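A short write-up of the structure that comes next.
Please note: Cβ atoms are built from the backbone with ideal geometry, for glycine as well, and neighbour counts cover all protein chains shown. All of this is worked out from the model, or read from it or from the source named; these are not laboratory values.
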Amino acid sequence: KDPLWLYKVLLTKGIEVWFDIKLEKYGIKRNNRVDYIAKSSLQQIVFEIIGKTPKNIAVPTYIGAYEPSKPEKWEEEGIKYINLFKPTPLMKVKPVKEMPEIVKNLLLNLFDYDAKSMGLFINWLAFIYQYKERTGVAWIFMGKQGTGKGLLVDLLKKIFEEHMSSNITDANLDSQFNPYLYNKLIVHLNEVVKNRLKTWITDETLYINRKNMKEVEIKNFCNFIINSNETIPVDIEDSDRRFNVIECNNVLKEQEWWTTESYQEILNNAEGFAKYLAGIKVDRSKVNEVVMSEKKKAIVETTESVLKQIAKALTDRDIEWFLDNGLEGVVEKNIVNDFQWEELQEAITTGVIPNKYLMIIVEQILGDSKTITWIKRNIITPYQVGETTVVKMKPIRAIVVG
Amino acid sequence: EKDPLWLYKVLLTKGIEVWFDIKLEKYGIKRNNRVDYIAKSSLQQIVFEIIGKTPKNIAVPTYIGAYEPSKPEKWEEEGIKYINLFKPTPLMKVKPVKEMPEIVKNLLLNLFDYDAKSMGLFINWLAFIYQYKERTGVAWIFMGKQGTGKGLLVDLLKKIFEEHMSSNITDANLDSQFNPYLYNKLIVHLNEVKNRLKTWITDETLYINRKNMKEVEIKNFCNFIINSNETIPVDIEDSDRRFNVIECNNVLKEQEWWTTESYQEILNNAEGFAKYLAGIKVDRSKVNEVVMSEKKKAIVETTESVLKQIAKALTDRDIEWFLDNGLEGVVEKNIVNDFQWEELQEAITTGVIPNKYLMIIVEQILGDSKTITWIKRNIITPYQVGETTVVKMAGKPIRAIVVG
């Protein structure tokens, strides 16, 4: 008669049930809680609610989708959708112009009373809180322990609730399942997958596999915060566009304002901090902004290969890089004359290096004797420094940069 | 039917509480302080035995199971209705006692080597777990040799906590795809993964995967006890706030008061020990307190990199660290005259070290000749010791590193 009678009677009781062809499960949405259950589970629910087990579930057929920018239901290309994003209490919160003070001292302690980066991080957080999109930039908090990184992720975890992943470590990565990425606005990882993570930052779609559900490709809303107590947590390239790095070495127990209860006082102020974020006026040009802090510049120049730097010093004829790396030791160990010591650095700046001097340079930077064949296949050829050639210096075989 | 909770009420008469758990799609049955999650066909076999008939529809409520000792047996938050899965074991509902049974006191004195401050700090930690039933964010590592009583202290606490404790979790259970040893536990004991464990101590939520149950995120109540007979059981940073370390080298067979029966006499005193913990006056400012015992400081400085210690010595211009590590050998091998041996130390103390001396210093500490490129890529640059630059000393322009 009416194939949606049960759907309507449960809506009166504030309960919205549909069938999700995509997962072959029934969706039930209660009081800011969306569950996916099998039919036999849903039949047990409606018997408790309406006193009878219908043999046929008279409910509509929607496609579940987690999109926080869209209505409770919408449709596109004829297929009708129902939304799986339901905000937690502390996202539906009245704005505030200024944040609770003990929360303000926690972040100031984290950012070392630097306003530009702390304000840039809060602008990033506020954007996630208000606009609920993927930013494509992640924040790495590192340094020492007891600095507040663990608290700020428990502070945000009370704000974002089910939409945040807390302390995902290699134990969950080794799992065949992906639950920490399914319908999340923030994903926290503890300690750090060099490319597995760098991809998640800018992916729109991930394959979500979770236990007793179909493996499904959903759109990606994850923003990553990464805590690490190692000196070099990840390999970062010099052209990077994904990572902001903040090193904090101020321990919270050693500060003026800290008590034992401050950990739970800061946590019991989650409402105030959420109300602050709700009131930030976001600058959308600076959510995907990364800055090259000298801690990040430190991570990059320890990470990038030394053979790459030799090749690029060779390319830019940067004699000053070689002498910063101790090339002048070649003369005090009398490997080279004072006459030949000026021919050798002439060869670097000139971009025409005889095989004789090519080995002298590489062996003094690297600290072991390398052959010309090795130098070409590990420094010259892969980084395209130049061509090995006969040059009229007598016929000297040299490499000409270019 | 008439009342879609008729069956629920009739089993409560027999003292039996059954619900349906939307979160696990299983039926929960709670009997005599012990909770099961079963399939529908199993629960129908249970109620047939109780009421003599098999209902077609299970007239029971729909709750969400949650393990929170702070909350009532049922409650609600938002519209969602909850039922509690924590039900304390007998020796948690027991009348306190002001003083501990004697044979249990000699074990803890023996474990802690008759030091009261550290033993009392551990009992204060235990008492907090017993009285307040929360996660402390601090773990205890018992170390040393074998027969000291650490294993017995774990069977003693396992009789108190029973179902709320995980006993002798080893590498076999970690390699399993399942997590049952962390599901609804107040104490978790590990026998003998540096970051997997350092995170569990301070996490609020774990993803619990168990055999025939859905993988589900639950609240974390675990406090960790760690036994190990290796000299360096874990890597500990100097700023650590999670670990207390106790090394014990008193074997119990070698002590005066020990007999064959002492092992099971201590075990038959679980009630007396539980009542003592119930009566401890807890100081909560000291439950998450960690102390750096001389064994912990050994673990820290065995673990931290030599390049980090060099980099920090360079930073603090601590000439005495270098000579503590034998830098003066540079003079006994006549690598250096008596005169640059004075430039080399003032170069360290001034924080301005010519490349010439920087390689001499590093080679005598590390024991192999390293290049300037290597020193910057592994000591200078990563720990931000300073900038390599041309500095004008005397008349020549000397390449140096300026600490700052």
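Does residue A:163 satisfy the criteria of being under 29 Å from residue A:32 (Cβ atoms), within 11 Å of chain B (Cβ to nearest Cβ) and buried (at least 20 other Cβ atoms within 10 Å of the Cβ)? No; evaluated as a whole, the condition is false for this residue. The lone criterion from (1) touching an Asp or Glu at 6+ places or on another chain (Cβ under 8 Å); (2) in a loop (DSSP other than H, G, I, E, B); (3) within 26 Å of residue A:222 (Cα to Cα); (4) small (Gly, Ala, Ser) left unmet by residue A:136 is number (1). Filtered by the rule that a residue be in contact with a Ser or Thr (Cβ under 8 Å, 6 or more places away or on another chain) and among the hydrophobic types (A, V, I, L, M, F, W, C), the range B:153-207 gives B:154, B:160, B:161, B:182, B:187, B:188, B:190.
The single condition from (1) outside any strand (DSSP E or B); (2) exposed (fewer than 14 other Cβ atoms within 10 Å of the Cβ); (3) touching an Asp or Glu at 6+ places or on another chain (Cβ under 9 Å) that residue B:348 fails is (2).
Of the residues that sit in the range A:211-233 and are among the hydrophobic types (A, V, I, L, M, F, W, C) and either outside any loop (DSSP other than H, G, I, E, B) or over 18 Å from residue A:249 (Cα atoms) (or both), which one is nearest to the other protein chains (Cβ to nearest Cβ)? Filtering the range A:211-233 for residues that are among the hydrophobic types (A, V, I, L, M, F, W, C) and either outside any loop (DSSP other than H, G, I, E, B) or over 18 Å from residue A:249 (Cα atoms) (or both), the one nearest to the other protein chains (Cβ to nearest Cβ) comes out as A:213.
In the range B:139-150, the residues that are farther than 18 Å from residue B:186 by Cβ reach residues that are of a type in the set (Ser, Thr, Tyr) with C-beta atoms within less than 6 angstrom, at least six apart or across chains, in these pairs: B:143/B:228. I need a count of the residues in the range A:251-262 that are outside any helix (DSSP H, G or I), surrounded by fewer than 17 Cβ atoms within 10 Å (Cβ to Cβ) and either touching a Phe, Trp or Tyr at 6+ places or on another chain (Cβ under 6 Å) or within 11 Å of chain B (Cβ to nearest Cβ) (or both). Final tally of qualifying residues: 3. When the range A:17-48 is filtered for residues that are surrounded by fewer than 18 Cβ atoms within 10 Å (Cβ to Cβ), out of contact with any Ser or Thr (no Cβ under 9 Å at 6 or more places or on another chain) and away from chain B (no Cβ under 11 Å), the ones remaining, listed by number, are A:22, A:23, A:24. Please determine whether any residue of the range A:295-309 is farther than 30 Å from residue A:116 by Cα, of a type in the set (S, T, N, Q) and touching a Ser or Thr at 6+ places or on another chain (Cβ under 8 Å). For the range A:295-309, residues farther than 30 Å from residue A:116 by Cα, of a type in the set (S, T, N, Q) and touching a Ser or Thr at 6+ places or on another chain (Cβ under 8 Å): absent. The C-beta contact set for the range A:306-327 (first residue of a type in the set (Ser, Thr, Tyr), second residue in a helix (DSSP H, G or I), distance under 8 angstrom, 6+ apart or interchain) comprises A:315/A:383. Residues that are more than 13 Å from residue A:82 (Cβ to Cβ) and not basic (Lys, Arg) within the range A:19-34 comprise A:24, A:31, A:32, listed in sequence order. Looking only at residues in the range B:183-210 that are within 14 Å of another protein chain (Cβ to nearest Cβ), of a type in the set (A, V, I, L, M, F, W, C) and assigned to a loop (DSSP other than H, G, I, E, B), the one that is surrounded by the most Cβ atoms within 10 Å (Cβ to Cβ) is B:201. So for the range B:356-371 (the condition being within 14 Å of chain A (Cβ to nearest Cβ), closer than 27 Å to residue A:309 by Cβ, hydrophobic (A, V, I, L, M, F, W, C) and surrounded by fewer than 16 Cβ atoms within 10 Å (Cβ to Cβ)), does at least one residue qualify? Looking through the range B:356-371, none of the residues is within 14 Å of chain A (Cβ to nearest Cβ), closer than 27 Å to residue A:309 by Cβ, hydrophobic (A, V, I, L, M, F, W, C) and surrounded by fewer than 16 Cβ atoms within 10 Å (Cβ to Cβ). Going through (1) at the interface with chain A (Cβ under 10 Å from one of its Cβ atoms); (2) of a type outside the set (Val, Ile, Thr); (3) surrounded by fewer than 20 Cβ atoms within 10 Å (Cβ to Cβ) one by one, residue B:399 falls short only on (3). Of the residues contained in the range A:339-348, none is found to be closer than 24 Å to residue A:155 by Cα, among the aromatic types (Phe, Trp, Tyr) and away from chain B (no Cβ under 14 Å). Kindly establish whether residue A:66 is buried (at least 17 other Cβ atoms within 10 Å of the Cβ), farther than 30 Å from residue A:140 by Cα and away from chain B (no Cβ under 14 Å). Taking the combined requirement at face value, the residue does not satisfy it. Can you tell me which residues in the range A:58-85 are part of a loop (DSSP other than H, G, I, E, B) and under 26 Å from residue A:47 (Cα atoms)? If the condition is that a residue be part of a loop (DSSP other than H, G, I, E, B) and under 26 Å from residue A:47 (Cα atoms), then A:58, A:59, A:60, A:84 are the ones that fit.
Does residue B:244 meet the test of being of a type outside the set (A, V, I, L, M, F, W, C), crowded, with 20+ Cβ neighbours inside 10 Å and in a strand (DSSP E or B)?
On the way: of a type outside the set (A, V, I, L, M, F, W, C): yes; crowded, with 20+ Cβ neighbours inside 10 Å: yes; in a strand (DSSP E or B): yes.
So residue B:244 fits the description; yes.
What's the number of the only condition in (1) more than 14 Å from chain A (Cβ to nearest Cβ); (2) crowded, with 17+ Cβ neighbours inside 10 Å; (3) over 20 Å from residue B:132 (Cβ atoms) that residue B:85 fails to meet? The one condition residue B:85 does not meet is (3).
Only one of the listed residues (A:100, A:95) is more than 14 Å from every other protein chain (Cβ to nearest Cβ), under 23 Å from residue A:267 (Cα atoms) and buried (at least 19 other Cβ atoms within 10 Å of the Cβ). That residue is A:100.
Of the residues that make up the range A:168-182, is at least one assigned to a loop (DSSP other than H, G, I, E, B), of a type in the set (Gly, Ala, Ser) and at the interface with chain B (Cβ under 9 Å from one of its Cβ atoms)? Among the residues of the range A:168-182, at least one is assigned to a loop (DSSP other than H, G, I, E, B), of a type in the set (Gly, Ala, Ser) and at the interface with chain B (Cβ under 9 Å from one of its Cβ atoms), which makes the answer yes. Condition check: within 18 Å of residue A:345 (Cα to Cα), assigned to a strand (DSSP E or B), in the same structural domain as residue A:320 (by CATH) and aliphatic (A, V, I, L, M). Does residue A:362 satisfy that? Taking the combined requirement at face value, the residue does not satisfy it. For residue A:133, the conditions (1) within 30 Å of residue A:69 (Cα to Cα); (2) acidic (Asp, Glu); (3) within 12 Å of chain B (Cβ to nearest Cβ) are fulfilled apart from (3). Filtered by the rule that a residue be in a loop (DSSP other than H, G, I, E, B) and surrounded by fewer than 18 Cβ atoms within 10 Å (Cβ to Cβ), the range A:263-280 gives a lone residue, A:268. Within the range B:130-146, identify whether any single residue is among the small types (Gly, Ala, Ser), closer than 27 Å to residue B:260 by Cβ and either surrounded by fewer than 20 Cβ atoms within 10 Å (Cβ to Cβ) or more than 17 Å from the chain's Cα centre (by Cα) (or both), and answer yes or no. For the range B:130-146, residues among the small types (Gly, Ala, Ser), closer than 27 Å to residue B:260 by Cβ and either surrounded by fewer than 20 Cβ atoms within 10 Å (Cβ to Cβ) or more than 17 Å from the chain's Cα centre (by Cα) (or both): present.
Conditions tested, residue by residue: (1) touching a helix residue (DSSP H, G or I) at 6+ places or on another chain (Cβ under 7 Å); (2) farther than 27 Å from residue B:99 by Cβ; (3) not aliphatic (A, V, I, L, M).
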residue: B:244; (1), (2), (3): no, no, yes
residue: B:261; (1), (2), (3): no, no, yes
residue: B:266; (1), (2), (3): yes, no, no
residue: B:272; (1), (2), (3): yes, no, yes
residue: B:278; (1), (2), (3): yes, no, no
residue: B:299; (1), (2), (3): no, yes, no
residue: B:315; (1), (2), (3): no, yes, yes
residue: B:322; (1), (2), (3): yes, yes, yes
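Per the listing B:201, B:129, B:141, B:187, the residue uniquely of a type in the set (A, V, I, L, M), in contact with a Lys or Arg (Cβ under 7 Å, 6 or more places away or on another chain) and in the same structural domain as residue B:245 (by CATH) is B:201.
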